[PDB]
Number of protein chains: 16
Amino acid sequence: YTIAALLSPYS
Amino acid sequence: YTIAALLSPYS
Amino acid sequence: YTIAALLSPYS
Amino acid sequence: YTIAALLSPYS
Amino acid sequence: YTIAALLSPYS
Amino acid sequence: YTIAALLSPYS
Amino acid sequence: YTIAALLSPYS
Amino acid sequence: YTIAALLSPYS
Amino acid sequence: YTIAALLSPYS
Amino acid sequence: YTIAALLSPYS
Amino acid sequence: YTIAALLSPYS
Amino acid sequence: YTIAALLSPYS
Amino acid sequence: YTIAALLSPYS
Amino acid sequence: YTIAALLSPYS
Amino acid sequence: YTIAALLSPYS
Amino acid sequence: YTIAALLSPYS
């Protein structure tokens with residue numbers, strides 16, 4: 001299987 | 001602000 | 001299996 | 001700000 | 001199996 | 001700020 | 001198996 | 001600030 | 001098995 | 001600041 | 001087995 | 001500051 | 001087996 | 001400051 | 001077996 | 001300051 005996730009939260 | 005992300009998942 | 005995740009939180 | 005991330009998962 | 005994760009939190 | 005990360009996991 | 005993780009927290 | 005990290009895990 | 005992890009926390 | 005880390009785990 | 005970990009904390 | 005670390009574990 | 005770990009804490 | 005470390009564990 | 005660890009703490 | 005360490009454990 002393959003998984004790709006990106007998260008760039010900003011405050 | 002600036003954001004750059006690349007994801008090339010392969011199975 | 002394969003897993004790829006990126007997180008760049010900013011405050 | 002600037003963000004750069006790359007992910008190329010392979011199974 | 002394979003795992004790849006990156007986290008660059010900023011305050 | 002600047003962030004650069006690369007991940008190429010292989011199974 | 002293989003594992004790769006990177007974390008560069010900043011305060 | 002600047003951050004650079006590379007990870008190429010192989011199974 | 002193989003394991004690779006990097007952490008460069010900053011205050 | 002500057003950070004540079006590379007990891008190429010192999011199984 | 002194989003293990004590789006690096007940590008460069010800064011205050 | 002500057003940080004440089006490389007790890008190539010093999011199984 | 002094989003083990004490799006590096007830690008360079010700074011205050 | 002400056003830090004340089006390399007680790008190539010083999011199994 | 002084989003083991004390799006390095007630690008250079010700074011205050 | 002400056003730090004340089006290398007470790008190539010073999011099994």
# chains A, B, ... in the order shown; residues from 1 in each chain; ligands from 1
$ calpha_fit_and_write --fixed "chain F" --moving "chain L" --output "mmCIF file with C-alpha atoms, in the first residue's frame"
data_model
loop_
_atom_site.group_PDB
_atom_site.id
_atom_site.type_symbol
_atom_site.label_atom_id
_atom_site.label_comp_id
_atom_site.auth_asym_id
_atom_site.auth_seq_id
_atom_site.Cartn_x
_atom_site.Cartn_y
_atom_site.Cartn_z
ATOM 1 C CA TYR L 1 11.682 31.144 7.808
ATOM 2 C CA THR L 2 12.547 28.338 5.384
ATOM 3 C CA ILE L 3 12.022 24.571 5.448
ATOM 4 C CA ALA L 4 13.164 21.858 3.045
ATOM 5 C CA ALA L 5 12.665 18.113 3.516
ATOM 6 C CA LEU L 6 12.652 15.152 1.120
ATOM 7 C CA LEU L 7 11.681 11.525 1.764
ATOM 8 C CA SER L 8 11.675 8.676 -0.771
ATOM 9 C CA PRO L 9 10.785 5.472 1.168
ATOM 10 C CA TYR L 10 10.918 2.199 -0.778
ATOM 11 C CA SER L 11 9.406 -1.219 -0.065
#
